[PDB]
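Written out below as structure tokens is the structure these notes cover.
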10 protein chains.
Amino acid sequence: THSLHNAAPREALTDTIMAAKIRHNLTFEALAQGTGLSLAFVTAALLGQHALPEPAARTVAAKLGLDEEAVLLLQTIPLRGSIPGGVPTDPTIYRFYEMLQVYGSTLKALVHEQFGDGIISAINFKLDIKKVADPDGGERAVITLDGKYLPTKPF
Amino acid sequence: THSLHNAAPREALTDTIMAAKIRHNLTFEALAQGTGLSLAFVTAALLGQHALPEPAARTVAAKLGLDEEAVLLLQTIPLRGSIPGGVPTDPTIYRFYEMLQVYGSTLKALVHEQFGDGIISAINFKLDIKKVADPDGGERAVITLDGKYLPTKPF
Amino acid sequence: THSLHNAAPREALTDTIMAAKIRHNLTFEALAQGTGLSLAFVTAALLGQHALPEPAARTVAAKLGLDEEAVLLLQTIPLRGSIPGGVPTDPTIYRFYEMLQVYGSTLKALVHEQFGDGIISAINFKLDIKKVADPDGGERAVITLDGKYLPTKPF
Amino acid sequence: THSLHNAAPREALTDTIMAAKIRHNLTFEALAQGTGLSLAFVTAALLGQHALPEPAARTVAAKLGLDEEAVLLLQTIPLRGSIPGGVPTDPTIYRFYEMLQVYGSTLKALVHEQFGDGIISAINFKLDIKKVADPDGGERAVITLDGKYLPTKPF
Amino acid sequence: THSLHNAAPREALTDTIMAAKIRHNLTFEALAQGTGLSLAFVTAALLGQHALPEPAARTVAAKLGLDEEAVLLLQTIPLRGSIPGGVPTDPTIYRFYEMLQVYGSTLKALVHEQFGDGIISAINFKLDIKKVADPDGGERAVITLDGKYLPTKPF
Amino acid sequence: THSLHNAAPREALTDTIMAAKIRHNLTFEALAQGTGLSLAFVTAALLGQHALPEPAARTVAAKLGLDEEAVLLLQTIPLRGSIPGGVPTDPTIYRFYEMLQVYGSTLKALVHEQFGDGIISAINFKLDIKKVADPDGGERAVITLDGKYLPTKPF
Amino acid sequence: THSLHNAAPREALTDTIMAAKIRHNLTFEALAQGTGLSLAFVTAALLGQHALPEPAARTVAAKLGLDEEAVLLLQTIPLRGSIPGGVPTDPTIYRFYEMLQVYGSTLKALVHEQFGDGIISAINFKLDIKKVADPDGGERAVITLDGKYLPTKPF
Amino acid sequence: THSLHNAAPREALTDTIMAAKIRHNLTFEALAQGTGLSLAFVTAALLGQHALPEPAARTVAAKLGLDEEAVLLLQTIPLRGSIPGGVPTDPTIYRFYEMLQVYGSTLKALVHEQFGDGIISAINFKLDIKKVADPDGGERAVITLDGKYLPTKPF
Amino acid sequence: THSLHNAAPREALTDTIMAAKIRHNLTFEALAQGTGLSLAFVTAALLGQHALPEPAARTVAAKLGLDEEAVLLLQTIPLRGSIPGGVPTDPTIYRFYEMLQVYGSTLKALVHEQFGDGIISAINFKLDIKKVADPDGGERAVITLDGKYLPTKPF
Amino acid sequence: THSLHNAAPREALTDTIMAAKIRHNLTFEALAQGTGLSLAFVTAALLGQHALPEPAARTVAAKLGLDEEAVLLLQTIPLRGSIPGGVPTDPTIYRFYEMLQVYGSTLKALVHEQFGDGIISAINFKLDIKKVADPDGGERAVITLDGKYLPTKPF
Ligand SMILES: [Cl-]
Ligand SMILES: [Cl-]
Ligand SMILES: [Cl-]
Ligand SMILES: [Cl-]
Ligand SMILES: [Cl-]
Ligand SMILES: [Cl-]
Ligand SMILES: [Cl-]
Ligand SMILES: [Cl-]
Ligand SMILES: [Cl-]
Ligand SMILES: [Cl-]
């Protein structure tokens with residue numbers, strides 16, 4: 001399928017997609033329903049980080065009232081990267097960067113202990129966010145990272 | 001409780017802990033047994049990212065045959081940061097950084113939609129790594145991030 | 001609530017809000033009057049770092065004569081970050097950066113001493129600037145940082 | 001008075017001071033008693049960010065059992081800078097950096113409105129940390145920045 | 001007085017001021033003449049680094065034929081910073097950066113010796129450049145930095 | 001003359017010179033006295049930024065009691081650079097960096113207006129710091145930069 | 001198997017391995033012989049980028065005459081990353097960086113055209129360098145990258 | 001032949017080439033047919049990294065229906081560099097960067113042993129991507145780097 | 001003469017000059033004839049790095065058919081810097097950067113040995129590139145750097 | 001021939017060779033005499049940037065009275081890079097960095113005009129420095145860069 005070499009074309013669509021989302025007062029849950037795909041995937045595709053299959057591109061473009069160029073651009077493989085500069089300053093995103101700072105060594109250590117030499121894939125990967133109640137009062141986020149284990153074996 | 005201003009004292013302890021861990025053929029699962037704490041927490045403390053309560057610090061130092069200077073240093077608040085330079089190069093750790101790069105915009109968007117203005121905490125936070133079988137043959141990692149939702153409320 | 005993925009929409013609004021503020025010869029204290037919120041909060045929201053509740057958004061848009069697009073953008077959750085590049089060059093802002101450079105270690109030491117292992121929140125946080133007279137002649141600024149203590153508790 | 005051109009001599013002194021503090025189980029509040037100086041100043045001086053007058057240098061060296069070369073090194077004007085790289089990774093220190101990221105524009109705007117063109121000094125400056133109770137249960141930190149206003153006037 | 005939150009408005013004004021300056025074949029000496037202010041101040045203000053009082057702002061705007069948004073923009077407190085990126089590449093500007101690279105240690109050492117612990121202010125500051133003859137034939141620049149000494153006193 | 005290829009040899013010499021300076025309780029004015037050279041030059045040479053002529057090198061080395069290596073190292077051409085990282089964090093040095101940030105564009109403009117296309121030299125350069133009294137009470141520093149104008153002429 | 005959290009221990013082993021290799025006048029061809037593994041793998045392991053299985057670890061340590069702390073370190077999973085700073089300066093290594101700079105966009109474009117959305121793995125990956133004769137007189141290197149195609153499929 | 005000083009003119013041409021490529025649903029293999037050049041070269045030229053000879057430039061411009069300015073721009077030598085910032089974030093491109101990070105030291109060591117002191121050229125260089133089947137199911141990419149060995153010989 | 005504070009005005013002129021150069025099939029050798037200046041100087045001036053004498057500015061703009069706003073801009077002293085970011089990615093430019101990396105220490109050593117303490121000027125400087133035949137077949141570039149020696153003499 | 005993976009071994013050798021050169025009061029001209037190689041090559045090799053053939057290594061080790069470890073280390077292929085950080089701060093080296101900043105674009109333009117698409121090699125490269133008198137008094141350096149033209153030819 002067709003791929004994009006830079007991020008500028010998908011950044012403009014995301015600014016157009018978000019404009020329609022705010023003006024029509026739509027949610028990402030509403031946009032992803034009837035597409036057959038997960039919430040995290042469809043939202044990422046709208047933010048220019050994934051390619052939508054052709055039916056989902058038409059389903060989302062109908063809800064937002066998007067052009068036919070918008071349906072074509074939503075199906076293209078993007079140049080991924082959502083944090084300009086690599087390190088964010090926005091507090092909501094930074095907390096996930098901070099988690100990586102404290103538990104980065106720990107994740108590597110436990111992956112090599114429980115799985116072995118290799119990586120936990122970010123491509124053969126599924127992401128899910130779930131809202132749960134805190135037994136001590138309040139709400140909690142339970143973000144799940146599901147990656148296939150790729151071993152590094154000697155050659 | 002006592003805090004450390006630099007990371008050098010805990011880096012020396014971590015290099016001593018790792019040397020003992022290899023010579024005694026110990027696992028992080030074996031070091032965490034009988035401490036009452038989760039694997040991710042105890043491992044992070046050994047890697048210089050957390051302070052262990054005095055009972056847990058004494059259990060791991062006994063298994064590793066460490067001095068009493070090791071149990072006291074294990075109980076001090078460290079200067080956190082496990083990734084030198086913020087951005088990793090090691091493939092095992094980098095994959096988690098890549099997850100942040102693609103789904104950073106997606107995580108913020110869905111947190112503000114499902115929770116509202118605020119953050120998902122990295123302090124009121126739990127980490128878990130679980131090994132599961134992949135239906136297509138092979139293994140998968142199910143990393144769970146459980147953080148408290150802290151709202152941004154007007155003042 | 002609706003969230004913004006980039007800063008460009010709120011940076012344009014800030015230029016429009018500030019242009020109206022100068023043209024109406026208004027102060028941030030006058031714009032903050034009758035909103036129920038603190039001066040530091042409303043000013044930050046006008047500069048694109050916070051979301052205003054709708055009654056406060058309508059009071060400021062009425063004083064400045066802004067359209068209904070402006071009240072909607074003022075209520076959206078922004079992508080926070082007011083210093084482009086993280087490190088300021090403007091002397092007024094840098095002095096606050098310099099305070100962090102000298103007393104950064106000192107703040108951590110005393111936070112861990114008086115409170116314990118954890119953080120002083122920047123989300124459960126209040127800011128106040130007060131003008132007081134200097135006894136050697138002149139005036140002084142008394143900026144107050146009021147943050148909730150979040151402990152790091154083992155898991 | 002004598003100044004140091006690099007930070008290495010004072011970093012070694014701080015590492016010995018912290019070692020003595022941990023082994024004898026002393027407090028920064030205990031170390032600052034009988035010096036006549038504030039907690040924030042003496043703590044910064046022990047962390048290599050300020051020069052102590054000789055009575056304070058001798059009082060702290062007696063409590064920690066330091067040699068005469070430590071009393072002399074505590075009195076020299078240091079090369080200030082406590083956060084290596086300018087941007088911290090430790091969560092406790094970062095929260096103060098995050099405050100600067102959100103309210104940096106706000107602090108400058110309100111300084112120019114309440115005071116005028118100029119700066120709030122970091123040299124004619126006092127710092128204070130106070131522990132207070134949160135009405136929702138728990139504790140809060142009340143950090144105070146007290147700086148002299150220096151105006152920028154035409155010449 | 002009114003302050004600006006970003007540098008973009010003053011960068012555009014500087015581009016118009018410089019364009020008008022070339023077309024009218026005027027000097028910074030001619031533009032600053034009859035304003036009562038020093039050459040370094042008015043030139044810095046025209047380059048977006050200072051606020052002009054309205055009598056000075058109108059005399060310079062009349063000479064260049066600037067619009068009425070420019071006279072108001074010339075009177076606002078800007079977001080200071082004239083070297084994009086902090087370190088210049090242009091040889092004329094770099095030479096002053098290089099002077100700092102070699103004599104930075106010397107300036108700190110001699111200020112603490114001749115004045116004491118503290119700084120030489122950059123806000124309570126006057127700048128002047130004077131052309132003088134070189135005894136071996138040719139010209140020399142005599143740049144004068146006149147800053148108030150602010151001491152660092154214990155608190 | 002003999003040159004040094006790295007900065008490590010002169011960085012070690014500077015630390016010994018500064019330690020010796022404190023133990024003899026000498027000032028940079030006392031060390032430069034009877035050398036025939038200016039205070040700023042001799043101070044810079046001791047701080048590893050300049051080469052001393054042998055008569056001056058012996059006069060200063062006798063006062064500090066330096067080895068015979070220091071006498072040769074003081075006469076060798078060093079690898080210049082006194083601010084590690086290019087941008088200082090120490091407040092005393094930064095104020096001079098801030099002067100460069102505000103008046104960098106202004107200095108280039110006035111150099112090209114009063115002198116023409118070219119630079120103000122940092123090699124054919126003289127530096128002097130003088131203490132003067134402030135009519136508003138207090139003291140002031142009058143730092144003078146005297147550089148020869150090198151024109152850029154077509155080739 | 002045991003993994004390392006930092007690179008410092010393997011860099012010391014690598015310099016000792018290289019010291020022994022030069023001192024004993026050994027080749028990388030000889031060190032990889034009798035291990036059953038490819039030249040590219042064993043050489044990478046000696047440079048701290050891979051873990052050797054114990055039979056290979058003893059054959060290489062016997063040829064260099066290394067202790068038992070070396071065979072244990074040679075079998076540990078390292079913290080990978082051979083170019084300090086990410087970008088090399090040595091011309092031999094840089095030429096490979098330049099290949100990435102020119103053909104980076106082309107590799108992404110052709111991978112998405114010939115394979116589809118996804119990546120070419122660097123973990124399920126083999127490297128080979130082969131010397132072949134250049135028909136224009138001279139020699140050529142034929143470096144082969146053999147990576148598994150991992151698709152990004154919707155979830 | 002004509003050279004370009006910046007990448008913007010070729011970046012716009014690449015944006016037009018890609019837009020036309022999507023609308024006619026053409027492949028890079030289809031664009032390269034009948035030009036006599038390799039797939040990797042022609043794709044690189046369209047992505048702004050190479051100059052096309054006039055016959056190839058016209059065959060590709062006819063297929064996309066481009067004007068004569070596009071055929072002239074396709075023949076100019078560009079300012080090479082396809083990864084903005086040197087280090088990519090897109091997963092597909094980063095995998096090749098990671099290959100460089102792990103085997104960079106290995107490539108240099110083995111190049112000096114098998115070839116000698118010198119480089120493997122990135123200019124006298126050919127690139128090829130080949131799709132082959134993975135015996136354990138799936139597909140694999142076989143990217144081949146063919147560079148001339150240039151020795152560094154004394155002068 | 002008139003100076004520019006930013007590079008943006010001259011970057012647009014360079015883009016127009018290059019477009020006219022390509023459209024008229026002109027060379028830098030043809031543009032530099034009849035100005036009396038060297039090829040390297042005029043070419044640099046067209047690329048925004050030098051100010052052209054007023055007669056030369058008219059001839060080059062006449063040859064390219066540019067308006068007079070361009071020759072007026074061609075006579076302005078620019079903000080120099082032709083490599084955005086300091087380090088190039090284009091291979092042709094990088095090779096000259098690589099020369100600096102290998103022989104930078106060597107140039108300083110030999111300059112201080114043959115000339116003495118000081119610099120080789122980049123302002124009192126001439127550049128020439130000459131095409132010569134390689135005795136072993138092929139062509140060679142002989143770039144000549146002619147800089148005045150400026151001594152560092154004590155003051 | 002043996003290659004080095006890091007620069008530390010050659011940095012130590014360079015410090016001993018330079019010490020011996022001063023202690024024997026020798027010049028780089030004297031050390032290069034009787035080696036058959038050019039001044040720039042032998043000087044670069046002593047500064048850790050080139051490998052000397054063993055006859056040249058033995059004449060230089062004999063003149064400086066070095067052990068056998070020096071003769072072996074001078075013949076090893078180093079990890080090249082003489083400017084730590086890529087960008088120098090020492091004025092003598094920076095002037096050559098500044099030359100590249102101004103004339104970088106000009107060199108690429110004239111190389112593509114006089115030679116064509118390709119590079120001027122830094123491996124098939126000669127460096128020479130010659131001292132000439134300035135006609136109006138003073139001395140000049142005439143640095144000559146002699147690089148082979150390597151064309152980029154389509155494949
Ligand atoms: Cl992956
Ligand atoms: Cl948090
Ligand atoms: Cl927080
Ligand atoms: Cl201040
Ligand atoms: Cl100041
Ligand atoms: Cl100079
Ligand atoms: Cl992979
Ligand atoms: Cl090459
Ligand atoms: Cl110069
Ligand atoms: Cl080359």
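Labels for the structure tokens follow display order: chains A, B, ..., residues from 1 in each chain, ligands from 1.
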
Site check for ligand 3: residues at most 10 Å away, only C-alpha atoms and all ligand atoms, as an NGL selection string: (:A and (91-92 or 95)) or (:B and (118-123 or 150-152)) or (:C and (119-125 or 147-150)) or (:D and (91-92 or 94-96 or 98-99))

Quick one: superpose chain B onto chain I using all C-alpha atoms paired in order, least squares, and give it to me as a PDB file with C-alpha atoms, in the first residue's frame.
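The resulting file, out.pdb, is reproduced below:
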```pdb
ATOM      1  CA  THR B   1      26.920  49.807   5.556  1.00  0.00           C
ATOM      2  CA  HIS B   2      23.590  48.108   6.241  1.00  0.00           C
ATOM      3  CA  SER B   3      23.573  44.754   8.036  1.00  0.00           C
ATOM      4  CA  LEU B   4      20.894  42.080   8.345  1.00  0.00           C
ATOM      5  CA  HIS B   5      19.950  40.639  11.732  1.00  0.00           C
ATOM      6  CA  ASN B   6      18.575  37.318  10.424  1.00  0.00           C
ATOM      7  CA  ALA B   7      19.304  35.052   7.467  1.00  0.00           C
ATOM      8  CA  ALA B   8      15.734  34.733   6.116  1.00  0.00           C
ATOM      9  CA  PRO B   9      15.929  37.782   3.771  1.00  0.00           C
ATOM     10  CA  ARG B  10      19.084  36.467   2.071  1.00  0.00           C
ATOM     11  CA  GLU B  11      17.741  32.907   1.944  1.00  0.00           C
ATOM     12  CA  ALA B  12      14.818  34.198  -0.112  1.00  0.00           C
ATOM     13  CA  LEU B  13      17.233  36.072  -2.379  1.00  0.00           C
ATOM     14  CA  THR B  14      19.405  32.959  -2.695  1.00  0.00           C
ATOM     15  CA  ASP B  15      16.408  30.818  -3.672  1.00  0.00           C
ATOM     16  CA  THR B  16      15.486  33.426  -6.290  1.00  0.00           C
ATOM     17  CA  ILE B  17      19.080  33.643  -7.546  1.00  0.00           C
ATOM     18  CA  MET B  18      19.342  29.860  -7.844  1.00  0.00           C
ATOM     19  CA  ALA B  19      16.040  29.649  -9.732  1.00  0.00           C
ATOM     20  CA  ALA B  20      17.284  32.225 -12.244  1.00  0.00           C
ATOM     21  CA  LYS B  21      20.662  30.463 -12.486  1.00  0.00           C
ATOM     22  CA  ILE B  22      19.071  27.142 -13.506  1.00  0.00           C
ATOM     23  CA  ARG B  23      16.624  28.643 -16.016  1.00  0.00           C
ATOM     24  CA  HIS B  24      19.298  30.670 -17.815  1.00  0.00           C
ATOM     25  CA  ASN B  25      21.807  27.772 -17.654  1.00  0.00           C
ATOM     26  CA  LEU B  26      24.427  29.965 -16.001  1.00  0.00           C
ATOM     27  CA  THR B  27      27.583  28.981 -14.133  1.00  0.00           C
ATOM     28  CA  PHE B  28      29.147  30.605 -11.102  1.00  0.00           C
ATOM     29  CA  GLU B  29      32.203  31.123 -13.315  1.00  0.00           C
ATOM     30  CA  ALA B  30      29.974  33.092 -15.705  1.00  0.00           C
ATOM     31  CA  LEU B  31      28.382  35.064 -12.869  1.00  0.00           C
ATOM     32  CA  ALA B  32      31.797  36.081 -11.464  1.00  0.00           C
ATOM     33  CA  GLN B  33      33.304  37.251 -14.779  1.00  0.00           C
ATOM     34  CA  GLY B  34      33.766  41.009 -14.983  1.00  0.00           C
ATOM     35  CA  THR B  35      33.252  41.594 -11.263  1.00  0.00           C
ATOM     36  CA  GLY B  36      36.933  41.819 -10.314  1.00  0.00           C
ATOM     37  CA  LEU B  37      36.397  39.442  -7.385  1.00  0.00           C
ATOM     38  CA  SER B  38      37.385  35.817  -6.938  1.00  0.00           C
ATOM     39  CA  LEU B  39      35.000  32.963  -7.697  1.00  0.00           C
ATOM     40  CA  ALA B  40      34.820  31.834  -4.064  1.00  0.00           C
ATOM     41  CA  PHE B  41      33.918  35.329  -2.853  1.00  0.00           C
ATOM     42  CA  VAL B  42      31.212  36.070  -5.439  1.00  0.00           C
ATOM     43  CA  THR B  43      29.651  32.621  -5.048  1.00  0.00           C
ATOM     44  CA  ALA B  44      29.600  33.006  -1.254  1.00  0.00           C
ATOM     45  CA  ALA B  45      27.809  36.345  -1.617  1.00  0.00           C
ATOM     46  CA  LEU B  46      25.176  34.791  -3.890  1.00  0.00           C
ATOM     47  CA  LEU B  47      24.688  32.031  -1.300  1.00  0.00           C
ATOM     48  CA  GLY B  48      24.056  34.666   1.369  1.00  0.00           C
ATOM     49  CA  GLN B  49      27.454  34.596   3.097  1.00  0.00           C
ATOM     50  CA  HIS B  50      29.017  37.878   1.921  1.00  0.00           C
ATOM     51  CA  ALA B  51      28.112  41.399   0.854  1.00  0.00           C
ATOM     52  CA  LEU B  52      28.901  42.399  -2.701  1.00  0.00           C
ATOM     53  CA  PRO B  53      30.084  45.921  -3.516  1.00  0.00           C
ATOM     54  CA  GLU B  54      27.505  47.803  -5.553  1.00  0.00           C
ATOM     55  CA  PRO B  55      29.262  47.305  -8.945  1.00  0.00           C
ATOM     56  CA  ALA B  56      29.565  43.537  -8.475  1.00  0.00           C
ATOM     57  CA  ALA B  57      25.981  43.278  -7.194  1.00  0.00           C
ATOM     58  CA  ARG B  58      24.709  45.039 -10.332  1.00  0.00           C
ATOM     59  CA  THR B  59      26.759  42.833 -12.700  1.00  0.00           C
ATOM     60  CA  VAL B  60      25.335  39.566 -11.341  1.00  0.00           C
ATOM     61  CA  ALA B  61      21.750  40.826 -11.094  1.00  0.00           C
ATOM     62  CA  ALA B  62      21.872  41.917 -14.739  1.00  0.00           C
ATOM     63  CA  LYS B  63      23.057  38.459 -15.810  1.00  0.00           C
ATOM     64  CA  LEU B  64      20.258  36.876 -13.750  1.00  0.00           C
ATOM     65  CA  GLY B  65      17.625  39.484 -14.669  1.00  0.00           C
ATOM     66  CA  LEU B  66      16.942  40.464 -11.061  1.00  0.00           C
ATOM     67  CA  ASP B  67      15.143  43.464  -9.571  1.00  0.00           C
ATOM     68  CA  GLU B  68      16.792  46.425  -7.813  1.00  0.00           C
ATOM     69  CA  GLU B  69      15.703  45.009  -4.462  1.00  0.00           C
ATOM     70  CA  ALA B  70      18.106  42.183  -5.317  1.00  0.00           C
ATOM     71  CA  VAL B  71      21.149  44.433  -5.816  1.00  0.00           C
ATOM     72  CA  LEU B  72      20.457  46.253  -2.543  1.00  0.00           C
ATOM     73  CA  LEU B  73      20.005  42.995  -0.626  1.00  0.00           C
ATOM     74  CA  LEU B  74      23.191  41.635  -2.213  1.00  0.00           C
ATOM     75  CA  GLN B  75      25.145  44.569  -0.709  1.00  0.00           C
ATOM     76  CA  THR B  76      23.973  44.092   2.888  1.00  0.00           C
ATOM     77  CA  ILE B  77      26.074  42.360   5.527  1.00  0.00           C
ATOM     78  CA  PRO B  78      24.369  38.996   6.132  1.00  0.00           C
ATOM     79  CA  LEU B  79      24.035  36.854   9.242  1.00  0.00           C
ATOM     80  CA  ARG B  80      26.676  34.321   8.287  1.00  0.00           C
ATOM     81  CA  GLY B  81      26.303  30.561   8.523  1.00  0.00           C
ATOM     82  CA  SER B  82      25.782  28.235   5.562  1.00  0.00           C
ATOM     83  CA  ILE B  83      25.581  24.913   7.445  1.00  0.00           C
ATOM     84  CA  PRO B  84      22.291  24.567   9.378  1.00  0.00           C
ATOM     85  CA  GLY B  85      23.157  22.939  12.681  1.00  0.00           C
ATOM     86  CA  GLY B  86      26.911  23.459  12.339  1.00  0.00           C
ATOM     87  CA  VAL B  87      27.613  19.852  11.313  1.00  0.00           C
ATOM     88  CA  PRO B  88      26.664  18.890   7.738  1.00  0.00           C
ATOM     89  CA  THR B  89      25.099  15.681   6.500  1.00  0.00           C
ATOM     90  CA  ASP B  90      25.567  16.258   2.768  1.00  0.00           C
ATOM     91  CA  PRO B  91      28.570  14.145   1.660  1.00  0.00           C
ATOM     92  CA  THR B  92      30.183  16.878  -0.454  1.00  0.00           C
ATOM     93  CA  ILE B  93      30.285  19.335   2.451  1.00  0.00           C
ATOM     94  CA  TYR B  94      30.927  16.682   5.104  1.00  0.00           C
ATOM     95  CA  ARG B  95      34.253  15.621   3.561  1.00  0.00           C
ATOM     96  CA  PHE B  96      35.629  19.047   4.497  1.00  0.00           C
ATOM     97  CA  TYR B  97      34.217  18.573   8.009  1.00  0.00           C
ATOM     98  CA  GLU B  98      36.012  15.214   8.215  1.00  0.00           C
ATOM     99  CA  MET B  99      39.276  16.886   7.195  1.00  0.00           C
ATOM    100  CA  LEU B 100      38.756  19.164  10.198  1.00  0.00           C
ATOM    101  CA  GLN B 101      38.078  16.200  12.501  1.00  0.00           C
ATOM    102  CA  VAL B 102      41.308  14.330  11.719  1.00  0.00           C
ATOM    103  CA  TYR B 103      43.731  17.237  11.221  1.00  0.00           C
ATOM    104  CA  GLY B 104      42.311  19.674  13.780  1.00  0.00           C
ATOM    105  CA  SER B 105      44.924  18.765  16.380  1.00  0.00           C
ATOM    106  CA  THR B 106      47.543  18.661  13.610  1.00  0.00           C
ATOM    107  CA  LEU B 107      46.677  22.124  12.267  1.00  0.00           C
ATOM    108  CA  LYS B 108      46.827  23.737  15.715  1.00  0.00           C
ATOM    109  CA  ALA B 109      50.115  22.018  16.599  1.00  0.00           C
ATOM    110  CA  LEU B 110      51.854  23.068  13.381  1.00  0.00           C
ATOM    111  CA  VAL B 111      50.457  26.612  13.443  1.00  0.00           C
ATOM    112  CA  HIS B 112      51.872  27.181  16.926  1.00  0.00           C
ATOM    113  CA  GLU B 113      55.182  25.643  15.827  1.00  0.00           C
ATOM    114  CA  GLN B 114      55.603  27.471  12.515  1.00  0.00           C
ATOM    115  CA  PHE B 115      53.897  30.737  13.560  1.00  0.00           C
ATOM    116  CA  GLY B 116      53.441  30.844  17.343  1.00  0.00           C
ATOM    117  CA  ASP B 117      50.634  31.595  19.752  1.00  0.00           C
ATOM    118  CA  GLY B 118      47.683  32.992  17.828  1.00  0.00           C
ATOM    119  CA  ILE B 119      45.282  32.051  15.047  1.00  0.00           C
ATOM    120  CA  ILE B 120      45.087  31.735  11.282  1.00  0.00           C
ATOM    121  CA  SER B 121      42.388  34.219  10.359  1.00  0.00           C
ATOM    122  CA  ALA B 122      39.037  33.354   8.803  1.00  0.00           C
ATOM    123  CA  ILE B 123      38.341  37.060   8.121  1.00  0.00           C
ATOM    124  CA  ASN B 124      41.657  38.078   6.536  1.00  0.00           C
ATOM    125  CA  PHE B 125      41.198  35.002   4.404  1.00  0.00           C
ATOM    126  CA  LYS B 126      41.220  33.805   0.790  1.00  0.00           C
ATOM    127  CA  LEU B 127      39.691  30.615  -0.632  1.00  0.00           C
ATOM    128  CA  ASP B 128      40.524  28.943  -3.944  1.00  0.00           C
ATOM    129  CA  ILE B 129      39.414  25.744  -5.687  1.00  0.00           C
ATOM    130  CA  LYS B 130      41.522  24.488  -8.598  1.00  0.00           C
ATOM    131  CA  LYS B 131      41.002  21.434 -10.802  1.00  0.00           C
ATOM    132  CA  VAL B 132      44.109  19.362 -11.563  1.00  0.00           C
ATOM    133  CA  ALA B 133      44.673  16.007 -13.247  1.00  0.00           C
ATOM    134  CA  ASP B 134      45.462  12.990 -11.124  1.00  0.00           C
ATOM    135  CA  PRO B 135      48.607  11.136 -12.377  1.00  0.00           C
ATOM    136  CA  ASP B 136      46.798   7.791 -11.837  1.00  0.00           C
ATOM    137  CA  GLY B 137      43.993   8.979 -14.113  1.00  0.00           C
ATOM    138  CA  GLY B 138      41.095  11.158 -12.993  1.00  0.00           C
ATOM    139  CA  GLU B 139      40.849  14.590 -11.424  1.00  0.00           C
ATOM    140  CA  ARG B 140      41.812  16.210  -8.124  1.00  0.00           C
ATOM    141  CA  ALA B 141      40.736  19.322  -6.237  1.00  0.00           C
ATOM    142  CA  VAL B 142      43.384  21.664  -4.823  1.00  0.00           C
ATOM    143  CA  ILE B 143      41.592  23.818  -2.252  1.00  0.00           C
ATOM    144  CA  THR B 144      43.780  26.631  -0.932  1.00  0.00           C
ATOM    145  CA  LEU B 145      43.151  28.441   2.359  1.00  0.00           C
ATOM    146  CA  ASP B 146      45.196  31.642   2.673  1.00  0.00           C
ATOM    147  CA  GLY B 147      44.615  33.302   6.037  1.00  0.00           C
ATOM    148  CA  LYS B 148      46.548  36.002   7.853  1.00  0.00           C
ATOM    149  CA  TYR B 149      48.423  34.995  10.994  1.00  0.00           C
ATOM    150  CA  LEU B 150      47.070  36.931  13.982  1.00  0.00           C
ATOM    151  CA  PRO B 151      49.242  36.540  17.094  1.00  0.00           C
ATOM    152  CA  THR B 152      48.040  36.317  20.676  1.00  0.00           C
ATOM    153  CA  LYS B 153      50.207  38.859  22.348  1.00  0.00           C
ATOM    154  CA  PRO B 154      50.276  39.517  26.100  1.00  0.00           C
ATOM    155  CA  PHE B 155      48.632  42.667  27.401  1.00  0.00           C
TER     156      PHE B 155
END
```

Secondary structure check, strand (DSSP E) residues of chain F, as a ChimeraX atom specification: /F:118-133,139-151

Backbone DSSP call of helix (DSSP H, G or I) for chain F, listed as an NGL selection string: :F and (8-23 or 28-32 or 39-46 or 54-64 or 68-75 or 91-114)
